[PDB]
Amino acid sequence: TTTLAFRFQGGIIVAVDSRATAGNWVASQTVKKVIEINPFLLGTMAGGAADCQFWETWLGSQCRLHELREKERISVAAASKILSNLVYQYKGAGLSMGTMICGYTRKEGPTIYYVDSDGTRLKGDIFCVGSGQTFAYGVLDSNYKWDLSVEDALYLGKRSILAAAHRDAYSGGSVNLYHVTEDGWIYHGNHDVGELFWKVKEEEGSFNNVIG
Amino acid sequence: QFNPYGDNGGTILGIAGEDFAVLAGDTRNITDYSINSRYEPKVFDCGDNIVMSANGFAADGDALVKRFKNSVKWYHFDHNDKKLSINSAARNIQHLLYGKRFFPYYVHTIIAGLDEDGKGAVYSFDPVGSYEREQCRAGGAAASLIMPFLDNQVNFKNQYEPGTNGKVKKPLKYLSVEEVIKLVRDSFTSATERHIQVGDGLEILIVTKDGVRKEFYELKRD
Amino acid sequence: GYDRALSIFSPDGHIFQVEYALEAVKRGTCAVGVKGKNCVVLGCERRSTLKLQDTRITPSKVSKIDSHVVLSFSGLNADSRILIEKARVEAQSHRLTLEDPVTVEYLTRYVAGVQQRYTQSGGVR
Amino acid sequence: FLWX
Amino acid sequence: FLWX
Amino acid sequence: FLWX
Amino acid sequence: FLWX
Amino acid sequence: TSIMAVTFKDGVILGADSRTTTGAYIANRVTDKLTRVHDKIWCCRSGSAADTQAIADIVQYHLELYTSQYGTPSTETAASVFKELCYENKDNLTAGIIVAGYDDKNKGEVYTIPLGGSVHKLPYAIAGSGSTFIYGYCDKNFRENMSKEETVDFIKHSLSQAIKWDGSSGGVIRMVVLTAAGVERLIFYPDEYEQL
Amino acid sequence: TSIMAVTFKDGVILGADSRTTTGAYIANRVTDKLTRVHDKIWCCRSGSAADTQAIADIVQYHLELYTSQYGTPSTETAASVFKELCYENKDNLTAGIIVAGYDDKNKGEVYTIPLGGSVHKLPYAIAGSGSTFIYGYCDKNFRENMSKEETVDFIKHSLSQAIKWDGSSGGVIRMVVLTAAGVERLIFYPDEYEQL
Amino acid sequence: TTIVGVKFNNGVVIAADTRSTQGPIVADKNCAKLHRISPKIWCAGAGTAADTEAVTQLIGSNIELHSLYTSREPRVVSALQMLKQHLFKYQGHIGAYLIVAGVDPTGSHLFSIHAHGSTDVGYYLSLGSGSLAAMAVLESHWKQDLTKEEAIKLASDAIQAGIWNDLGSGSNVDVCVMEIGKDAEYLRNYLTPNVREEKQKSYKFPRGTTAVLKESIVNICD
Amino acid sequence: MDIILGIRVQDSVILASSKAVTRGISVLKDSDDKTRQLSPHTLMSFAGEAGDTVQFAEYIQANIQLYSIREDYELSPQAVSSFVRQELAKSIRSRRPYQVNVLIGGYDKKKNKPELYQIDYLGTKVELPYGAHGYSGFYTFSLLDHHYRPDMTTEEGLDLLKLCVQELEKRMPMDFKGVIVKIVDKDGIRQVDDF
Amino acid sequence: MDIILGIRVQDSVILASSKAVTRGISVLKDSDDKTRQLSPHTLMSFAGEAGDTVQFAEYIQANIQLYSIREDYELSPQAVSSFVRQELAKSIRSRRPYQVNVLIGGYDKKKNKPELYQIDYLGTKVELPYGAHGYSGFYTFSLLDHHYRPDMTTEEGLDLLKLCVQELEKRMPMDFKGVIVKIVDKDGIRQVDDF
Amino acid sequence: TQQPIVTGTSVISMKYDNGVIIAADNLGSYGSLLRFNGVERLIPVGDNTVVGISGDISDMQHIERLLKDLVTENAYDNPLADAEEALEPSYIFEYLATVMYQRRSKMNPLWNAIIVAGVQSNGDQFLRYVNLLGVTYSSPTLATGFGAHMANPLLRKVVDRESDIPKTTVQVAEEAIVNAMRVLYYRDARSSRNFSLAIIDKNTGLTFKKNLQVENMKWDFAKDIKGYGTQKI
Amino acid sequence: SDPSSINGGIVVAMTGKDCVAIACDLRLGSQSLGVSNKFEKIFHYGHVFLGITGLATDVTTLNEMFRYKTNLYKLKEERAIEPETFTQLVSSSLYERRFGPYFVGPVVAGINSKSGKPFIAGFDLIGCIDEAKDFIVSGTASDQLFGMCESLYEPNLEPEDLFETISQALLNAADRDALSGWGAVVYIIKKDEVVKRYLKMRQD
Ligand SMILES: [Mg+2]
Ligand SMILES: [Mg+2]
Ligand SMILES: [Mg+2]
Ligand SMILES: [Mg+2]
Ligand SMILES: [Mg+2]
């Protein structure tokens, strides 16, 4: 898998692939690796499909109980720490999760938290998680600036997944785009790599390694 | 040392139409190179227009189907005979499967039926409860043989409109119950030829708003 | 364990053990809270039948739960220490999980929850 | 076991 | 390899 | 492998 | 250890 | 170890060698492998000496408490208690026990309890490492309703061969006779049985 | 496998079962485990069928070439050639062979060659998995200078017990009689030997 | 794999199934497991398919050279001795399990060879994964003084037992009859009881369906 | 996690801690602060197993903060180190031990003395003039043996620390993305922003 | 050994090779040239098992130099790569295989074309516009997929290479102490001294 | 986690027009040693069910006690214990099937393969298999151990599918079973000549046959087998 | 460390009416990392075509080896080798290395110049011959290819129809395998003309 989330002037951009594998067998190319916990909170999935899907759905329940009890939307910090404290209780049992908790609140602003199953919890501006993270980093880091427009940021996020989708054997299918603002998350569509690659190759003039 | 798991072979296949869904499975049960039964059904009517199959290790398969059937019964008791929606069933099965995350059910689970809009639905699960709604899913021993054929014939993958220079894709469309059963029968005859654990018989359970109908077809017995 | 239901309903619909606990509060030294425009002030009475006291070391009537919240009380001094200790632990526990100190409302709601639990738990007054 |  |  |  |  | 119990006309006779080995070293050359669990219910122990002793001790306790409440237990009851311990603790026990007893109703009875914890009621039973060498001999020579002198000879000749071929078996041949008459202990020395 | 060779007044008799097993499956139920290395020198094969066949084949070759140059070899010479192969290739062989032959000077002779590659000259020899169960019986019943009919009965009764107790042994009892008269092959079917 | 050999009064018959597999996948639906060592000596092989083919051809080649040198028709015992000495040399690393049968000046013969170099003699033999299914039939129906037509029936029945009951065996029955004073007759696909049923649909694509990037004429000539 | 150094000088304790957080063949972050303030005059740096480090650090921080509120009093650096050691000493014979190594730099207000404590994951405590954890020690200890003097100023201590970081950047295989430096003295804890 | 990159542009091949030689927890050298000139217009960079790398590189160099003297003629880059591949293809089924991975950058004087060949220790040869060995590829391939154009100049190629080295210095765990860059073109082999 | 010590081999069974037949030899093996020769591995439950058990004999004897106890418990406060509320084969099977799977799931299995043969109250033939893994299947013919490899092929020649059951008589079916037992005696190294056979018929009821023997054995052809290739004498 | 699935790739061959087709993907990777999208697995020696899947160093080595052998064959025989003969040469060569084999799944395809008969064959890694009327499959997506071929294939397809069937068989199989794809090549082989087509497929 390949998931990236980065912070910029216009908020947060979240891009994921859609490929699920069982070894060298491609199980599915139509998997939702982004979970919509609430209108201002997004969760990304990498590693074990069952582990990520089960516990990030459970995280959504805990965030709902927080706003019922406290009459206030949970902070990205608190939400990320509920998940990180949960997986830490299971440390050594063999959970497999690479996770990014992305969202906006008034007190925090736009925030991204990396949370993995060996209990690591990191705040940061850029994260790439999954088998194809290094391929995504390569394109993202070399083109990243804070002053990117919402249009350019969305494209770079999309192009960084495509880059990994191409080179990483265990990444591909389609790109799912999200943009997180002060007003909440906005879905920017599903993009099949089948059509997106040739469209990008032609328009951008990149991917000269491939027989055109 | 005692190995609690075994492989009972066989293969299953779920396809979703517009106003129907099919869940098919071969009736062969095996261990190693021996045939246990030529007719041992593993596609079950669970009530509320949900059909379910848990292919792989038959013991874990039967245990799961038994537990879900029981889950449906108690849903009726606890919620004033309310009909369990296919999406609600799917989430319930995730919790059943993931409950044994550290001693898993060694099965690939597929359920079929109608969603709350009356449209055909298929849900497929890994052994520890990761699940996803699809138009199309093959499961079990011959999944690797059947699935790429379904990609080509159901979802029309890699097929382009003739003379469009491979620019316009073949358009997606719902298949008739007649056209779907043709693909199921051809999927299973093909699987039977090239996989030793598949054959004997094919049992299809078709789900419409009218209820659950069955169809049976012979397969090669070698 | 001691199981007896000490806090129970009477025919007239009163829980006498809860109402007798209020009589202990009414016996306690006076405590007053007044909140201004940009401050709160906690005033506390100290009975003057005790001379030869050591005011350096004598437990102060107002207790800090966290650096931003305080708790004064009226009634049994020994009982107050148990509520203050639990509140101080819950204050640190909230900082540890929510990465944010408690609200005054939340800290109050917790202490109030503890007081309530002892009115329908067996073996406790 | 599905991977991501 | 192949076996028969 | 046969035995005797 | 002893056997019989 | 070489142990056997044989039913005959007047009751049952228990036979055993006297050799306890750790590796190839003989730790005890005068072991008593025939143990009393009740007045006329005895057992033959083979396998772990710690286990066979621990089991035998518990059974003697159970049958003593049984006798206090319900009077004399049957040989079948004794074998059932042995089985219960052996079967339920099969994962932590290395014990092959032959249970032999004399009722006045049932006469002589022999129950064998192998490693599994299974029970087998037989006219005669052989067990222990030495037993392998005398399956042929015992099968060909055993007859039902033998006399005391015939059964003593049958056991003596059998264990004599077992001892001769099995390094793990040796020393003296102990025997215990269970009849209506009572309990008789017999011993036979190498100088006698070796030259049979 | 259950094999034996017995010396008697007029020569020597070889006996064997007919069962070849892979695991618990009987691959061949009518195996001939008695093989000719010379006109009146035969052997009994136990262990790996592949190994025992390869050894027997080479020895037959050596004794044929011996006969071409130096005339009829002794039974001792045949056993020496068997030993040489077995001992020098002890690391790659699973073979227990009993060599039995009839000279006119030496009469009946029996040599046993266990796994080690050692040679042991005996009045009679037993070998194979089934042999363990008939050490007791064979020791008690064997006599020197038996008649042909006595030796045939001794082998038949012995292998009958071995077959009864050993799962690895079964089928028919083959025998080969080596005397001055010549070479006689005998067979005995389950319906006869089982009910001895 | 299911291979049998049956002796009759004037000759020997060998039969085999026609299924080749890699793991649970069927690579060859009609494979020939009956090999010619010499014109009147035929071989059936189970185990490593490559090894049975190679060892058969090598001994077959050496037997032809031996036949020319000695100006004599080759003997089954010669093929047997050369095979078992070769297999023994490689200490079972050549996974060839063979039923060797034929007629020669000496008469009719039937042997089996194992990978480790052990040989057996019999009137009826069976080797391969389906041997137990085949041997069950042989033990039930075999008798002394079989005719040619009875021996073919028994042999083909023993193979069929394997085809149906053993997952490793399937498809068709090959037979070879070696009778004394007659040419051996190789009956390739003697029985074909596993014919694929007509498919429900033709998957012949409309021309132009596949998207193409480049075309070019390949030069095969000088 | 990897590099954590500590230098006790005349009037202060200086803790340097590497900024790199690496997992696999990816440096995920290059600005990580591997330290928690336990009390106004006590700082603890930590390095070891992923997850365990922060979980242990924050757990200690919560307990010291609880004590500070309860007694309206700051625990001495000696007292805090003894508490932390006992927690690790318990941990090592647990089902799953904390694999965390720590330095505790503190200023004792009663003694008017800086104190540096080096505690490994086994619960092995030592007071040192200078300490290090992991491979760092194999370079820094011999360097500090030479250049260190007990009466140095904070500015001299920082120059001595620069000499350690330079040697580590030259000879260490892995890129640890520099260090965050913090000074503990009579006035409490402050961070050097330019290093 | 670790990082070796190659970029074929319009008129030249550019080989970048890391300067670090690390053993244990010590960087022994920070100026190592992981390349040999096989012929005037053919350069081979190498990375892998200690000892094997140089021993293999020098052995190839000797054989190509011997051919050059014998025929008074320079072997084509295609010919040299084919020779090198066969040596590794032999090696892999040896008693102790050469664990060496190589890039061969050459300028074919007959075709007037730059050529880059990527050969692993198994003897897996491929002609590429850009190549890398070890973990380097996991970053550089996706970056070059994006930024690379086939008609680039040598100066454009060097800027594209700087972009790769920057990305590796940012995200790679280990300090590889920069790279030595060499250009193979019609005029032969020359080293860029300031990178 | 166990290892079986004293073991029983093949249990074989098939349906016929009016009921079911089940058979199993009377041997208790101790590895390669053929230790116990008087072991009954067919255990009737009431007058309408027989449970055939292979594998570990100590675990078999435990299952015997459970079935014996099930009959007692069923009779408690049950006026129709010998009528409408008598134990059915389907009840007895499902109980064992539950136990077998619970034990495997606790990593402490009953090391057995079990076939429950019987006739239901409505006259239907019941034949179903369960083993140490808790795997269950039904078929016109069922067998355990070597029986699955050698008996099933022979029994399936008689009843190949469902439609063959009404066409199969008790004479034909019993003959097929007795033939299969002979084949198993030829080829199973842990089998005995002595066996028990049970017929549960919907008309004649439970017929239990003890001390049967394999007979009409072909051994004569053995006399003509000399050496393994080249030997003539 | 499974030699047959490090580099990845697939080959498929089919028979039609007086024609054969052989097709392969273009991927060469090092496990997860895709390295080359130009690595062709189909070679030819005269009118005989050979596809090779498996360990890429052995794919290259065997191509160089069979070119060597077919060149000497032609010089001595004074004619091009036929598919049936070449099949036997491949088998001999592979089994020569029986106890140290080339980790490959070769596939022979071509038309006999004398008889005009379409011929295809597949081999295991030790050199066992798998002859087929219909189709041969090889590589990391062999299961997928078996499923596609067994359902899509029908006998006596015309060259233009056979092209569509083999192309759809390869493409849909390659898309269900991680280590296969990244482009494809299809050879359509008639008696005395050969067309080579590069397919457009998804590049993930
Ligand atoms: Mg990819
Ligand atoms: Mg099949
Ligand atoms: Mg026997
Ligand atoms: Mg320390
Ligand atoms: Mg693909």
# chains A, B, ... in the order shown; residues from 1 in each chain; ligands from 1

$ residues_around --residues "residue 154 of chain I" --least-positions-apart "6" --cutoff "8 Å" --atoms "only C-alpha atoms" --output "list in words"
residues 138, 141 and 142 of chain I

$ write_last_selection --atoms "C-alpha atoms" --output "PDB file, in the first residue's frame"
ATOM      1  CA  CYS I 138      12.972 -69.624  20.279  1.00  0.00           C
ATOM      2  CA  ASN I 141      12.260 -74.445  22.189  1.00  0.00           C
ATOM      3  CA  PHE I 142      15.473 -74.684  20.008  1.00  0.00           C
TER       4      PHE I 142
END

$ select_by_dssp --residues "segment 19-202 of chain N" --states "helix (DSSP H, G or I)" --output "mmCIF file with C-alpha atoms, in the first residue's frame"
data_model
loop_
_atom_site.group_PDB
_atom_site.id
_atom_site.type_symbol
_atom_site.label_atom_id
_atom_site.label_comp_id
_atom_site.auth_asym_id
_atom_site.auth_seq_id
_atom_site.Cartn_x
_atom_site.Cartn_y
_atom_site.Cartn_z
ATOM 1 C CA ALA N 56 16.022 -13.306 -15.406
ATOM 2 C CA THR N 57 19.807 -14.207 -15.335
ATOM 3 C CA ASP N 58 18.800 -17.781 -16.446
ATOM 4 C CA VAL N 59 16.317 -16.373 -19.067
ATOM 5 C CA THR N 60 19.315 -14.444 -20.583
ATOM 6 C CA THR N 61 21.796 -17.394 -20.146
ATOM 7 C CA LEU N 62 19.444 -19.968 -21.830
ATOM 8 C CA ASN N 63 18.656 -17.590 -24.777
ATOM 9 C CA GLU N 64 22.459 -17.168 -25.352
ATOM 10 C CA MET N 65 22.855 -21.000 -24.931
ATOM 11 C CA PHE N 66 20.081 -21.983 -27.466
ATOM 12 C CA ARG N 67 21.304 -19.329 -30.006
ATOM 13 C CA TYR N 68 24.785 -20.991 -29.650
ATOM 14 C CA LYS N 69 23.318 -24.526 -30.147
ATOM 15 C CA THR N 70 20.829 -23.710 -33.005
ATOM 16 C CA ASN N 71 23.672 -21.841 -34.874
ATOM 17 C CA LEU N 72 25.949 -24.973 -34.763
ATOM 18 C CA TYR N 73 22.870 -27.152 -35.621
ATOM 19 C CA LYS N 74 22.196 -25.052 -38.786
ATOM 20 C CA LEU N 75 25.902 -25.108 -39.928
ATOM 21 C CA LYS N 76 26.083 -28.968 -39.617
ATOM 22 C CA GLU N 77 22.492 -29.882 -40.759
ATOM 23 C CA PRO N 83 9.912 -26.878 -33.321
ATOM 24 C CA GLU N 84 9.576 -30.644 -32.439
ATOM 25 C CA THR N 85 13.427 -31.089 -32.580
ATOM 26 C CA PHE N 86 14.144 -27.794 -30.687
ATOM 27 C CA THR N 87 11.663 -28.939 -27.939
ATOM 28 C CA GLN N 88 13.849 -32.101 -27.460
ATOM 29 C CA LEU N 89 17.058 -29.926 -27.410
ATOM 30 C CA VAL N 90 15.530 -27.655 -24.653
ATOM 31 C CA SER N 91 14.535 -30.800 -22.640
ATOM 32 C CA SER N 92 18.067 -32.389 -22.996
ATOM 33 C CA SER N 93 19.767 -29.062 -22.041
ATOM 34 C CA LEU N 94 17.581 -28.445 -18.908
ATOM 35 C CA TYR N 95 17.888 -32.074 -17.564
ATOM 36 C CA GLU N 96 21.714 -31.885 -18.077
ATOM 37 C CA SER N 142 0.260 -19.198 -14.366
ATOM 38 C CA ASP N 143 -2.867 -19.962 -12.189
ATOM 39 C CA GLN N 144 -4.567 -16.766 -13.570
ATOM 40 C CA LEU N 145 -3.470 -17.653 -17.181
ATOM 41 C CA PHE N 146 -4.802 -21.274 -16.787
ATOM 42 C CA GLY N 147 -8.185 -19.790 -15.687
ATOM 43 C CA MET N 148 -8.287 -17.213 -18.558
ATOM 44 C CA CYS N 149 -7.116 -19.666 -21.316
ATOM 45 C CA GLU N 150 -9.389 -22.602 -20.208
ATOM 46 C CA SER N 151 -12.521 -20.300 -20.415
ATOM 47 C CA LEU N 152 -11.635 -17.946 -23.379
ATOM 48 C CA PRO N 159 -4.974 -15.271 -36.741
ATOM 49 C CA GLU N 160 -6.915 -11.960 -36.148
ATOM 50 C CA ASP N 161 -9.358 -13.651 -33.660
ATOM 51 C CA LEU N 162 -6.545 -15.699 -31.946
ATOM 52 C CA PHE N 163 -4.722 -12.333 -31.368
ATOM 53 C CA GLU N 164 -7.743 -10.979 -29.350
ATOM 54 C CA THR N 165 -8.111 -14.240 -27.283
ATOM 55 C CA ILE N 166 -4.374 -14.571 -26.262
ATOM 56 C CA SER N 167 -4.117 -10.748 -25.627
ATOM 57 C CA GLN N 168 -7.192 -10.698 -23.287
ATOM 58 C CA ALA N 169 -5.888 -13.942 -21.610
ATOM 59 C CA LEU N 170 -2.466 -12.316 -20.791
ATOM 60 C CA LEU N 171 -3.759 -8.773 -19.876
ATOM 61 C CA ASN N 172 -6.495 -9.904 -17.374
ATOM 62 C CA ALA N 173 -4.140 -12.538 -15.794
ATOM 63 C CA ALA N 174 -1.261 -9.968 -15.466
#

$ residues_near_ligand --ligand "ligand 4" --cutoff "7 Å" --atoms "only C-alpha atoms and all ligand atoms" --output "JSON, numbers by chain"
{"K": [118, 119, 120, 124, 125, 126]}

$ write_last_selection --atoms "N, CA and C atoms" --output "mmCIF file, in the first residue's frame"
data_model
loop_
_atom_site.group_PDB
_atom_site.id
_atom_site.type_symbol
_atom_site.label_atom_id
_atom_site.label_comp_id
_atom_site.auth_asym_id
_atom_site.auth_seq_id
_atom_site.Cartn_x
_atom_site.Cartn_y
_atom_site.Cartn_z
ATOM 1 N N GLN K 118 22.415 8.561 34.897
ATOM 2 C CA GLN K 118 22.333 7.656 33.723
ATOM 3 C C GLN K 118 21.698 6.332 34.166
ATOM 4 N N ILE K 119 20.508 6.019 33.646
ATOM 5 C CA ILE K 119 19.720 4.801 34.006
ATOM 6 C C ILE K 119 19.396 4.028 32.724
ATOM 7 N N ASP K 120 19.836 2.769 32.635
ATOM 8 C CA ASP K 120 19.525 1.867 31.492
ATOM 9 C C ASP K 120 18.204 1.145 31.783
ATOM 10 N N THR K 124 19.761 0.177 36.001
ATOM 11 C CA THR K 124 21.169 0.414 36.418
ATOM 12 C C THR K 124 21.400 1.925 36.494
ATOM 13 N N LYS K 125 21.365 2.500 37.702
ATOM 14 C CA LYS K 125 21.521 3.963 37.927
ATOM 15 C C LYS K 125 22.976 4.271 38.297
ATOM 16 N N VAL K 126 23.504 5.378 37.766
ATOM 17 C CA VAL K 126 24.838 5.950 38.113
ATOM 18 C C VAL K 126 24.753 7.477 38.014
#

$ residues_near_ligand --ligand "ligand 2" --cutoff "6 Å" --atoms "only C-alpha atoms and all ligand atoms" --output "list in words"
residues 192, 193, 195, 196, 198, 199 and 222 of chain B

$ atom_distance --atom1 "atom CA of residue 101 of chain I" --atom2 "atom CA of residue 29 of chain I"
26.4 Å

$ atom_distance --atom1 "atom CA of residue 125 of chain H" --atom2 "atom CA of residue 70 of chain H"
28.9 Å

$ residues_near_ligand --ligand "ligand 3" --cutoff "6 Å" --atoms "only C-alpha atoms and all ligand atoms" --output "PyMOL selection string"
chain I and resi 163-164+166-167+169-170

$ residues_around --residues "residue 101 of chain L" --least-positions-apart "5" --cutoff "9 Å" --atoms "only C-alpha atoms" --output "PyMOL selection string"
chain L and resi 45-48+53+118-123+133-134

$ write_last_selection --atoms "N, CA, C and O atoms" --output "CSV table (one decimal), in the first residue's frame"
chain,number,residue,atom,x,y,z
L,45,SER,N,30.9,1.5,-12.1
L,45,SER,CA,30.7,1.7,-10.7
L,45,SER,C,30.2,0.4,-10.1
L,45,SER,O,29.6,-0.4,-10.8
L,46,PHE,N,30.5,0.1,-8.8
L,46,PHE,CA,30.3,-1.2,-8.1
L,46,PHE,C,29.9,-0.9,-6.6
L,46,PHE,O,30.5,0.0,-6.0
L,47,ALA,N,29.0,-1.8,-6.1
L,47,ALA,CA,28.6,-1.8,-4.7
L,47,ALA,C,28.2,-3.2,-4.3
L,47,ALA,O,27.6,-3.9,-5.1
L,48,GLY,N,28.5,-3.6,-3.1
L,48,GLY,CA,28.2,-4.9,-2.5
L,48,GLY,C,29.2,-5.4,-1.4
L,48,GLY,O,29.8,-4.5,-0.8
L,53,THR,N,33.9,-6.5,-4.1
L,53,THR,CA,33.6,-5.3,-5.0
L,53,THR,C,34.9,-5.0,-5.8
L,53,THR,O,34.8,-5.1,-7.0
L,118,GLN,N,22.7,-1.8,-16.2
L,118,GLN,CA,22.5,-2.1,-14.8
L,118,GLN,C,22.6,-3.7,-14.7
L,118,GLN,O,21.7,-4.3,-15.3
L,119,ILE,N,23.6,-4.2,-14.0
L,119,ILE,CA,23.8,-5.6,-13.8
L,119,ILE,C,24.0,-5.9,-12.3
L,119,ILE,O,24.9,-5.4,-11.7
L,120,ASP,N,23.1,-6.8,-11.8
L,120,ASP,CA,23.1,-7.3,-10.4
L,120,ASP,C,24.1,-8.5,-10.3
L,120,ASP,O,24.5,-8.9,-11.3
L,121,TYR,N,24.3,-9.0,-9.1
L,121,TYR,CA,25.3,-10.0,-8.8
L,121,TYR,C,24.8,-11.4,-9.3
L,121,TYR,O,25.7,-12.3,-9.4
L,122,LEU,N,23.5,-11.5,-9.7
L,122,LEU,CA,23.0,-12.8,-10.3
L,122,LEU,C,23.4,-12.9,-11.7
L,122,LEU,O,23.3,-14.0,-12.3
L,123,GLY,N,23.7,-11.7,-12.4
L,123,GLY,CA,24.0,-11.6,-13.8
L,123,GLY,C,22.7,-11.2,-14.5
L,123,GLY,O,22.5,-11.7,-15.6
L,133,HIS,N,21.2,1.0,-7.6
L,133,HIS,CA,21.4,-0.3,-6.9
L,133,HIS,C,21.2,-0.1,-5.4
L,133,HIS,O,21.5,1.1,-4.9
L,134,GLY,N,20.8,-1.1,-4.7
L,134,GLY,CA,20.4,-1.1,-3.3
L,134,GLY,C,19.1,-0.3,-3.1
L,134,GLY,O,18.2,-0.3,-4.0

$ residues_around --residues "residue 180 of chain I" --least-positions-apart "3" --cutoff "10 Å" --atoms "only C-alpha atoms" --output "PDB file with N, CA, C and O atoms, in the first residue's frame"
ATOM      1  N   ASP I  10      20.506 -82.788   9.214  1.00  0.00           N
ATOM      2  CA  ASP I  10      20.762 -83.077   7.776  1.00  0.00           C
ATOM      3  C   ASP I  10      21.244 -81.830   7.025  1.00  0.00           C
ATOM      4  O   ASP I  10      21.625 -81.985   5.852  1.00  0.00           O
ATOM      5  N   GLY I  11      21.224 -80.647   7.649  1.00  0.00           N
ATOM      6  CA  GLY I  11      21.620 -79.391   6.981  1.00  0.00           C
ATOM      7  C   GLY I  11      21.156 -78.144   7.721  1.00  0.00           C
ATOM      8  O   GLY I  11      21.446 -78.028   8.927  1.00  0.00           O
ATOM      9  N   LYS I  40      24.008 -73.750  -2.939  1.00  0.00           N
ATOM     10  CA  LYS I  40      23.656 -74.161  -1.553  1.00  0.00           C
ATOM     11  C   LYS I  40      24.187 -73.137  -0.541  1.00  0.00           C
ATOM     12  O   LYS I  40      24.515 -73.538   0.587  1.00  0.00           O
ATOM     13  N   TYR I 102      25.063 -74.902   3.047  1.00  0.00           N
ATOM     14  CA  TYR I 102      25.379 -76.337   3.266  1.00  0.00           C
ATOM     15  C   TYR I 102      26.638 -76.733   2.481  1.00  0.00           C
ATOM     16  O   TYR I 102      26.580 -76.835   1.236  1.00  0.00           O
ATOM     17  N   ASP I 103      27.745 -76.941   3.203  1.00  0.00           N
ATOM     18  CA  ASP I 103      28.946 -77.680   2.731  1.00  0.00           C
ATOM     19  C   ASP I 103      28.703 -79.170   2.982  1.00  0.00           C
ATOM     20  O   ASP I 103      27.717 -79.498   3.668  1.00  0.00           O
ATOM     21  N   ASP I 104      29.571 -80.032   2.452  1.00  0.00           N
ATOM     22  CA  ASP I 104      29.539 -81.497   2.703  1.00  0.00           C
ATOM     23  C   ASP I 104      30.494 -81.829   3.859  1.00  0.00           C
ATOM     24  O   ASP I 104      30.235 -82.818   4.573  1.00  0.00           O
ATOM     25  N   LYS I 107      28.752 -79.202   6.873  1.00  0.00           N
ATOM     26  CA  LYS I 107      27.285 -79.425   7.009  1.00  0.00           C
ATOM     27  C   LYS I 107      26.580 -78.060   7.023  1.00  0.00           C
ATOM     28  O   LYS I 107      27.037 -77.156   6.291  1.00  0.00           O
ATOM     29  N   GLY I 108      25.504 -77.920   7.805  1.00  0.00           N
ATOM     30  CA  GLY I 108      24.733 -76.670   7.939  1.00  0.00           C
ATOM     31  C   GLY I 108      25.472 -75.652   8.788  1.00  0.00           C
ATOM     32  O   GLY I 108      25.999 -76.038   9.848  1.00  0.00           O
ATOM     33  N   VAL I 183      18.048 -78.621  -2.876  1.00  0.00           N
ATOM     34  CA  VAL I 183      17.339 -77.377  -2.461  1.00  0.00           C
ATOM     35  C   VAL I 183      15.835 -77.616  -2.610  1.00  0.00           C
ATOM     36  O   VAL I 183      15.400 -77.935  -3.731  1.00  0.00           O
TER      37      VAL I 183
END
